[PDB]
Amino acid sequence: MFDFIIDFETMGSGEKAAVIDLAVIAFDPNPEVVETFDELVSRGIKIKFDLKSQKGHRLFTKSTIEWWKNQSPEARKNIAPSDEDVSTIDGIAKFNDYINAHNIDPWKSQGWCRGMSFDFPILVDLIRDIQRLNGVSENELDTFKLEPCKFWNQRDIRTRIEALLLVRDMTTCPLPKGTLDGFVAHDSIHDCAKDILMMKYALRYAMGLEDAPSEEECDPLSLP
């Protein structure tokens, strides 16, 4: 059994946010197992959505567009159109392909996320669109049996690392030096692999397994 992590990049803020892409990775929650950054990145996939066709169906927030215009061209690499794009319907199918293929348990597995009240509300709204497409009215939607985890198995990464590390507003975990090696800046799959590694070390630290690094000894990409 695996847990998974999701990340959206969005052009809006509500649950009806227009979505740029989606990254998901299925990691092994065992505190003894420590998977490396390389095969965490290799194991995950990024789903890229076509912006132009979400017009009139999902929402683009002026607040968020202003934000993206103040982002380096490396960051704005994500949003630029592509031949790899998919419809939100096609994107959610690729997402369920990934979930079923990576030993995710409908009842026991947990879905991690940094911003739990941001990501999953978009995930669920994309899922109910398969049913809206089916003609199901908005009061008769029911996705209980269609979600990658049970709503009480959703989990928030900031809460977890703060609790694991017992420092108020401590939402990133220092790592050992050079595990950051290979990291590239504005990659969604690199974000998820950092956050999984930070959670594992946090968990390994809190139990008595490993030594928290010295500021000389920790990868600079980890401290924020």
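Numbering starts at 1 and runs along the sequence shown.
Student: Pick between 129-137 and 101-109: the one whose mean CA B-factor in the entry is higher.
Tutor: Here the higher of the two C-alpha B-factor means belongs to 101-109.
Student: Per the entry, where is the mean C-alpha temperature factor higher: 84-92 or 112-120?
Tutor: Looking at the recorded C-alpha B-factors, 84-92 comes out higher on average.
Student: Kindly indicate the residue among 60, 183, 27, 49 with the greatest C-alpha B-factor in the PDB record.
Tutor: Of the options given, 183 has the highest CA B-factor in the PDB entry.
Student: Within this chain's modelled residues, let me know which third the CA B factor of residue 159 belongs to: lowest, middle or highest.
Tutor: Residue 159: CA B-factor falls in the lowest third of its chain.
Student: What third of the chain does residue 217 rank in for C-alpha temperature factor, lowest, middle or highest?
Tutor: Highest third of the chain for residue 217's C-alpha B-factor.
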